[PDB]
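# An experimental structure, sequence included, is below.
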Amino acid sequence: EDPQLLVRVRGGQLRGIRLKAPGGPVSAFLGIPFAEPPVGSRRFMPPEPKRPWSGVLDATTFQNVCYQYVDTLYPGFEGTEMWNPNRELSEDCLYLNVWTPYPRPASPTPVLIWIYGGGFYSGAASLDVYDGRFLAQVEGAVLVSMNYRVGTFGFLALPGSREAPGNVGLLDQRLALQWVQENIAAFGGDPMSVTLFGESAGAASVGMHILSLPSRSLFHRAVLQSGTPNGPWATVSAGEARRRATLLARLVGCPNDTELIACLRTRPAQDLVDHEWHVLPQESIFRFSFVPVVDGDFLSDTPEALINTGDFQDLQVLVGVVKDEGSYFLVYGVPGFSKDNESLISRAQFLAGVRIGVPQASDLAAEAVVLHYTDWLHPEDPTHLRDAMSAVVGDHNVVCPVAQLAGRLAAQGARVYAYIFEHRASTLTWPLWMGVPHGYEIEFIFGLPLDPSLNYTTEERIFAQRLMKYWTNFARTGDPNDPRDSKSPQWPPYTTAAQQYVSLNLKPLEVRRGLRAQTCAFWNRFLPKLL
Amino acid sequence: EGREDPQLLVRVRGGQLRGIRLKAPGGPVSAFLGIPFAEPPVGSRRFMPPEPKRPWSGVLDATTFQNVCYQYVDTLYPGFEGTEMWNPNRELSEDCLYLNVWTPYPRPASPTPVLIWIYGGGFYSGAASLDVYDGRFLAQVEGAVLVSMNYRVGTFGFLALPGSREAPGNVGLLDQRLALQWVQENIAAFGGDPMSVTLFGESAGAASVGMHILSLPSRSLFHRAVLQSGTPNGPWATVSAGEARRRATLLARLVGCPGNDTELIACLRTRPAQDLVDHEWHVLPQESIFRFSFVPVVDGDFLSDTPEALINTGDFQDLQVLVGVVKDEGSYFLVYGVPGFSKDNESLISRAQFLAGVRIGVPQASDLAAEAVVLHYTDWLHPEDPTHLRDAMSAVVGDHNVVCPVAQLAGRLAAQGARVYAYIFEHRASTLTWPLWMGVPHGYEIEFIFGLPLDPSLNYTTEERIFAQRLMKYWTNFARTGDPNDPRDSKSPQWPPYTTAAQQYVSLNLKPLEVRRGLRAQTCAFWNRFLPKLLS
Ligand SMILES: Nc1ccc2c(c1)c(-c1ccccc1)[n+](CCCCCCc1cnnn1CCNc1c3c(nc4ccccc14)CCCC3)c1cc(N)ccc21
Ligand SMILES: Nc1ccc2c(c1)c(-c1ccccc1)[n+](CCCCCCc1cnnn1CCNc1c3c(nc4ccccc14)CCCC3)c1cc(N)ccc21
Ligand SMILES: *[C@@H]1O[C@H](CO[C@@H]2O[C@@H](C)[C@@H](O)[C@@H](O)[C@@H]2O)[C@@H](O)[C@H](O)[C@H]1NC(C)=O
Ligand SMILES: *[C@@H]1O[C@H](CO)[C@@H](O)[C@H](O)[C@H]1NC(C)=O
Ligand SMILES: *[C@@H]1O[C@H](CO)[C@@H](O)[C@H](O)[C@H]1NC(C)=O
């Protein structure tokens, strides 16, 4: 037995495992249940807290991944498989993981809680890129990550019903947040200092906790990476959720709400996943079938309405984007694109791609996009068209929602820091034309390059140490800047007037102004006026 | 005759003319000023097409500029050179259809290429006799034969009840056309070559040139064209028949006229010319700048369709054109009608004054289209900055009315067979009396093309005189060959043709020619491709 690996949480005792990080040991408590398995009659239902257990619960391995569609686009390719589930799929999946220093820290340490992305249809806290051992060892952080239900299981809603109220995957996250409030001190974490951080759908989830009062007392700071609660993909109206839910029911042979959900509950999980994709209203990319719903409960209005009127005075937020947010979404649904060629496209392929990238857009709005993004000096150069298609998808779904959120939070009292991440991993297996794709900053924030077996360059290890410091300084103080540093330069807060953000790359911080300011006026101010 | 300079007696189809030896800096030139090319369009000939001048007896004196065509005189700023240099410099009269010819002295040995100038002035003003249009320097230094004509402006030139006998429209363009016919028949008497006639003009002058390009009967009367800071396409140079009818009959109401067309025009014909000018401005459908009340009409005759339709479908295979713009086309139009702007202060304006200005600068625009303009022209990094707003207001007016029309025209002509050369003129005259903020305003390249800086009494710098000599050479090489470049000169950098592929144009300033690509390409996609689709 090892006292440092025995912890008593409120449900009883846990045994963790000493794990090896490059510079020393860390304690890991993996697979801790925070909820009753949401199975059988509990499918689609809010999570209940886990009941207490006897003896010592084994907490030395990651638990099952929440049931989800598995990507078979490019089978065996590292670029796709690194996101695929690395444990058994199961509806019995409400577990969380904790990493701490070894030995467990002496005084209460700031807590980071990670929320994975995956389009609210996939993801797992157990992936290698979300491995908390480096941040625990090097920075002394207590790092927590949870599984939350995705797809139909997490987000299928018949709004107004008792038996499928919507947003239960967000409630899974919220329950893990409560679990941290009540238990994290047993691990040496500080429940008074809890920073949420997430990427993609994880970022939008973080944004949703910011916009939902019952979550607000469970954390103090937030980081949104390449995703937001506002924007075209992260939510749906109640009407639209109802429509998709009842269409999914029809597709699997079902059948009033109670009857309909009862039958959905009799269906094997894989039947639901088999048809999940068929409920989208249009051919589209960067759209997902079952996402958070504007229910009037968890989300009291649309995110757009909530960020416009919210009071964010005592909030600190770090937000940013990568250099090429949209590149990889193209190789899924857009004709002309592939990971295996340079994807040089024609003008026709670009207008066709824009209808798919901006599926809500009328003929006139689609023309406005095309006219804005064309290079009128080289109107038909296939490189510019490819890159423009990528920028359309990235700007519309991520960059301009992020700029919008930053502006509103800062205007209404938040302290905001913003970045753009422009370093492409030397280890990346996606082709060069995709640049720095959606998701490829995470491995740097989590400190993976410090593992010498992963073949990252030396500059990359040092860059990762820099980022871990920004993120943990932010978690500790609300400010990413290193207080033991004059040789700087300083990361300024984002404001609506100056609009300062920084480049995160191998060169030292450069401060820039305006986050695609002209192009975001197009998406955030002009395009909505085209109805 | 018998006692006079024998090098100044010439005969033309209408009769004998006596010209005048004028002094230019480097030598004498011949001038034949005030030659009538039409019957005075007065009395029952008001609003009617011009008839050719009837022959005269004896020797017509051609030593002074004749009357300026009846027009509104600008009195905003009394004493001020910046406005007065464009105002009439001879008596105003409906009897105004005269032209001017300048040639070397002595008159050239072999037939010389002919430039014909067409003045601007919003189709409501202008005169061929202004100092900026003085043909002596091009005649002396480059050996050119230069011809300029007076044509009717305002109501007298463009008031139309389309379909009628008595006010058919476009008669000012017909005056121009008649002077072109007069050059064909007579210019060889002066040593000019009717086989080599280049039209050139600025502002409404340029649009007029473009209208001759687009109208078949004009096409046989010239070989090459220069359009400076103006075009036949675009929002101001024409009106539909319906709209001309509407303005003509509104003007008639306003002067008491008081109901078929003959009756109405007959009563307009009894009105004093100054009554018509006193109400000319009152017929515009909105508060607006860069809009003029009586302009060429799409009649189905002179213009068989809209200029936009004609440049899209035209065959311009054997045509050479030089086109361009000045650095600050719009700046000047702001001091006229936009609240916030003045020649006497820096005109730093607010964001509210900018949206108000945009409604005036783009009067056809819906609420939605006006937001699109404002959003496009806003600097989102400093959206409240009053210097940027001022300059943006100027750019909106300039781009919409001149730069993007010129880009559109250049693109269509080049794509459908023309040889096109394109420029932006960026030198501000050292002698300019408008404020610095206005930059290089609409019209202020003209004095350089005509070579005024060569007159030592006008106080231009030395570099400016050299620059003027350069421009005169580009213009006259273009007139001579269809190519502004010097054939021998290898050291001087070349002006390449504007093409759709490479979109090349040149900077005209004190530094040697720099080649640039894309004429406000991104912003002109907004005005030429997007904005029209905001028709719904
Ligand atoms: N014939 C069928 C039948 C069923 C489904 C099908 C196709 C497809 C599909 C495959 C190819 C082309 C078009 C569609 N998709 C996928 C739709 C597109 C999903 C977009 C990719 C995405 C978006 N957010 N997470 N992921 C999953 C990939 N994981 C990544 C993630 C991240 N970054 C990256 C970067 C590069 C590559 C992958 C990747 C970052 C955050 C988390 C995950 C599914 C999606 C469903 N929700 C359900 C079923 C199916
Ligand atoms: N109280 C009254 C009574 C009657 C009229 C009134 C006002 C005004 C007016 C004056 C000041 C402010 C607003 C309106 N305008 C003028 C409307 C706008 C005129 C725009 C100016 C213009 C445009 N094209 N030619 N010009 C005439 C000036 N000549 C120039 C020309 C050029 N460049 C310049 C550059 C700077 C200054 C002048 C100038 C180049 C080409 C030729 C002429 C008139 C116009 C009319 N068509 C009829 C009546 C009146
Ligand atoms: C600049 O001028 C505009 C117009 O005002 C005119 O000229 C000034 C100097 C005064 O003589 C005034 O009586 C005239 O009407 C103003 O609308 C504008 O506010 C001025 N700009 C500023 C704020 O400097
Ligand atoms: C790349 O390959 C794909 C799939 O085989 C195809 O659809 C596309 O046309 C290709 N593009 C290029 C540049 O060859
Ligand atoms: C320019 O300079 C002359 C000669 O010294 C001076 O007397 C006159 O005032 C100026 N003339 C002009 C054209 O402004």
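That came through, no problem. Numbering: from 1, shown residues only, chains lettered A, B, ... in the order given. Ligands and ions are numbered 1, 2, ... in the order given.

# Next, the contact list for the residue of the stretch 401-531 of chain A found nearest ligand 4, please.
Per C-beta to the nearest ligand atom, the residue of the stretch 401-531 of chain A with the smallest distance to ligand 4 is residue A:433, at 10.2 Å. (Each C-beta comes from the backbone N, C-alpha and C, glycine too.) Applying C-beta atoms under 8 Å, 6 or more residues apart in numbering or on different chains to residue A:433 gives the contacts A:327, A:342, A:343, A:386, A:387.

# Measure how buried the last one is and give me the count.
When neighbours are defined as other C-beta atoms under 10 Å in any protein chain shown, residue A:387 has 20 of them.

# Assign it to helix, strand or coil.
Under DSSP: H, G, I helix; E, B strand; the rest coil, residue A:387 falls in the helix class.

# which non-adjacent residue is nearest it?
Closest residue in space to residue A:387, ignoring its immediate chain neighbours: residue A:433 at 7.9 Å, by C-beta to C-beta, 6 or more residues apart in numbering or on different chains.

# and that neighbour, which of the three is it?
Per three-state DSSP, residue A:433 ends up helix.

# Which parts of the stretch 401-531 of chain A are helices?
Here the stretch 401-531 of chain A has its helices, by DSSP state H, counting those that start in this stretch, at A:442-445, A:458-477, A:517-521.

# what's the closest of those to ligand 2?
Proximity to ligand 2 (C-beta to the nearest ligand atom) singles out helix A:517-521 among those, at 31.4 Å.

# Just the closest residue of the stretch 151-300 of chain A to ligand 4, please.
Taking C-beta to the nearest ligand atom, ligand 4 has its nearest neighbour within the stretch 151-300 of chain A at residue A:285, 15.6 Å off.

# How about the contacts made by that residue?
Contacts of residue A:285 (C-beta under 8 Å, 6+ apart): A:329, A:330, A:332, A:333, A:334, A:356, A:357, A:393.

# Drop anything exposed from those residues.
Among these, those scoring as buried are A:329, A:330, A:334, A:356, A:357, A:393 (criterion: 16 or more other C-beta atoms under 10 Å in any protein chain shown).

# Tell me the one of the residues you listed nearest residue A:45?
Comparing the buried ones among the contacts of residue A:285 against residue A:45 with C-beta to C-beta picks out residue A:329 as the nearest, at 32.1 Å.

# Leaving out sequence neighbours, find the closest residue to that closest one.
Using C-beta to C-beta, 6+ apart, the closest residue to residue A:329 is residue A:285 (4.5 Å).

# And the most centrally placed residue in chain A, how close does it get to residue B:240?
Residue closest to the mean C-alpha point of chain A, counted by C-alpha atoms, centre = their mean, is residue A:202 at 2.2 Å. Separation of residue A:202 from residue B:240 (C-beta to C-beta, to the nearest Å): 58 Å.

# Residue A:331 too?
Distance from residue A:331 to residue B:240, by C-beta to C-beta: 51 Å.

# What of residue A:315?
Distance from residue A:315 to residue B:240, counting by C-beta to C-beta: 58 Å.

# now residue A:362
Computed as C-beta to C-beta, the residue A:362 to residue B:240 distance reads 29 Å.

# Residue A:305: neighbour count?
14.

# May I see the buried residues of the host helix or strand of it?
Per DSSP states H and E: residue A:305 is located in helix A:303-309. By 16+ other C-beta under 10 Å, the buried positions in helix A:303-309 come out as A:303, A:304, A:306, A:307.

# Give me the contact list for that helix.
Contact partners of helix A:303-309, identified using C-beta under 8 Å, 6+ apart, comprise A:207-208, A:211, A:228-231, A:234-235, A:294, A:299-300, A:404-405, A:408-409, A:412.

# Please flag which of these sit within strands.
Within those, membership in strands is found for residue A:294, as judged by DSSP state E.

# For ChimeraX, write a command that selects the buried ones of the contacts of helix A:303-309.
The command below creates a ChimeraX selection of those among the contacts of helix A:303-309 that count as buried (16+ other C-beta under 10 Å):
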select /A:207,208,211,228,229,230,231,234,235,294,299,404,405,408,409,412
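
# Find the pair from the buried residues of helix A:303-309 with maximum spatial separation.
Farthest pair in the buried residues of helix A:303-309 (C-beta to C-beta) is A:304 and A:306. Separation: 7.3 Å.

# Spell out which residues sit in contact with residue A:492, please.
Shown in contact with residue A:492 (C-beta under 8 Å, 6+ apart): A:498, A:500, A:511.

# Would you mind listing what in the stretch 251-400 of chain A touches ligand 1?
When proximity is defined by C-beta under 6 Å from any ligand atom, the stretch 251-400 of chain A lies next to ligand 1 at A:276, A:277, A:288, A:289, A:328, A:329, A:332, A:333.

# farthest-separated two in the residues you listed?
Greatest spatial distance in these: A:276 and A:328, 20.2 Å, computed using C-beta to C-beta.

# CA-only coordinates of whichever strand or helix holds the residue nearest to the centre of chain A in CSV, if you can.
Here residue A:202 is covered by helix A:201-210, with elements defined by DSSP H and E. C-alpha atoms of helix A:201-210 as CSV (Å, rounded to 0.1, in the frame of the first residue of the first chain):
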residue,chain,number,x,y,z
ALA,A,201,-17.3,21.8,-28.4
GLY,A,202,-15.4,21.7,-25.1
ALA,A,203,-14.9,25.5,-25.4
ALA,A,204,-18.6,26.0,-26.2
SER,A,205,-19.4,23.9,-23.1
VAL,A,206,-17.2,26.1,-21.0
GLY,A,207,-19.0,29.1,-22.6
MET,A,208,-22.3,27.5,-21.6
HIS,A,209,-21.3,27.2,-18.0
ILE,A,210,-20.4,30.9,-18.1
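
# From the chain's centroid, how far away is that helix?
7 Å (C-alpha atoms, centre = their mean, to the nearest Å).

# The host helix or strand of residue A:196 packs against which elements?
If you go by DSSP H and E, residue A:196 is part of strand A:189-199. On a contact count with 3 or more C-beta pairs under 8 Å, 6 or more residues apart in numbering or on different chains; DSSP states H and E, strand A:189-199 meets strand A:109-115, strand A:142-146, helix A:168-183, helix A:201-210, strand A:221-225, helix A:458-477.

# how much does it deviate in direction from strand A:142-146?
For strand A:189-199 against strand A:142-146, the angle by axes from the mean of the first three to the mean of the last three C-alpha atoms, to 10 degrees is 50 degrees.

# in strand A:189-199, what counts as buried?
Residues of strand A:189-199 classed as buried: A:189, A:190, A:191, A:193, A:194, A:195, A:196, A:197, A:198, A:199 (neighbour count, 16+ other C-beta under 10 Å).

# from those residues, which single one is nearest ligand 1?
Relative to ligand 1, the closest of those is residue A:199; by C-beta to the nearest ligand atom it sits at 5.7 Å.

# Quick check: beta-bridge partners of that closest one?
The partner list for residue A:199 in beta bridges (DSSP bridges) reads residue A:225.

# check contacts around it.
A:116, A:117, A:225, A:226, A:227, A:439, A:441, A:442.

# picking up where we left off before, ok, residues contacting the helix or strand just after the helix holding residue A:202?
Next along the chain after helix A:201-210, taking DSSP H and E as the criterion, comes helix A:213-216. With contact meaning C-beta under 8 Å, 6+ apart, helix A:213-216 is reached by A:174, A:177, A:208, A:209, A:210.

# Tabulate the residues you listed (a markdown table), appending distance to ligand 4.
Below are those laid out as a markdown table (distance: C-beta to the nearest ligand atom, whole Å):
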| residue | distance to ligand 4 |
| --- | --- |
| A:174 | 43 |
| A:177 | 44 |
| A:208 | 37 |
| A:209 | 41 |
| A:210 | 41 |
